[PDB]
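Below you'll find only one chain, the form deposited in one PDB entry, shown as structure tokens.
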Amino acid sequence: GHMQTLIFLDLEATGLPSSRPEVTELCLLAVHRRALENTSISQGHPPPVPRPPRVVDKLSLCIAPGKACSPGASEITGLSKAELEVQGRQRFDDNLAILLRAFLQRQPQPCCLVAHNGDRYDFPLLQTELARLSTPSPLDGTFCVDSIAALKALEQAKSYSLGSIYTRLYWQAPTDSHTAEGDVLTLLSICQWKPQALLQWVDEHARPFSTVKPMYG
């Protein structure tokens, strides 16, 4: 193997891809290769939801968008533009790129971002947000993978919503759905089910983030 760090990633946004959305919240949870492994393969029917590894770097940030959240977007995320602005949240800017860079630089390399439906939503959107900045992309040099593709490959070797996958493994609803941190913790739990097979698949399929096409722009 060779990916040293998996960075679990989720985003909330102002709306669907067709509306040309902006990020309103993002979470990164960096776990070393070995901390993932040294969960068990979780035994029980159903198994208990595992505790995260002890050693973890986490970053969760709310981001003011330049356009308004759609009606449904505010209901499920519990974020709004007005509420983000009134609490002094800054836009997706150069300073956020430096924070992101400095955080990534603390992780052993190579690093692979891992996101649920990442190839269709999170990565394309993140690529668009960063392409607005004057600074070089902090995710240049990092890899990425979609956890849905991972889980279809591991499983097969009907709904694939994060919630549905989680409740099938654990027999409990996930908590804090559609919060970036909540959803990252939920995905981490799902990825602790067979972490050794996961890592093997990720080492096979990780692709440069630089080859992610932007959602729009």
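Start at 1 with the first residue shown and count on from there. Think of the rigid core as the biggest set of C-alphas that the two forms share within 1.5 Å after superposition.
The records show that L61 is included in the coordinate set of every other eligible entry of this protein, so it is not omitted in a third of them. Notably, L29 is never a gap: all other compared entries of this protein, restricted to those modelling both its neighbours, have coordinates for it, so the one-third criterion is not met. Per the record, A157 and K158 are separated by 4 to 9 deposited residues that are missing from the model. Look at the mean CA B-factor for 160-168 and for 34-42 in the entry; the higher one is 34-42. Among all modelled residues in its chain, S80 ranks in the middle third by Cα B-factor. Per the deposited record, the Cα B-factor of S74 falls in the highest third when ranked against the other modelled residues of its chain. Ranked within its chain, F103 lands in the lowest third, by CA B factor from the PDB record. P136 sits in the highest third of its chain by CA B factor, as recorded in the PDB entry. In this PDB entry, the Cα temperature factor of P65 sits in the bottom third of its chain's modelled residues, the lowest group.
One more form of this protein, deposited in another entry, exists but is not displayed; see below.
Relative to the superposed rigid core, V55 undergoes a CA displacement smaller than 2 Å between the shown form and the other one.
For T175, a C-alpha deviation of 2 angstroms or more is recorded between the shown form and the other one after rigid-core alignment. Once both forms are fitted on their core, a CA shift of 2 Å or more is seen for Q43 between the shown form and the other one.
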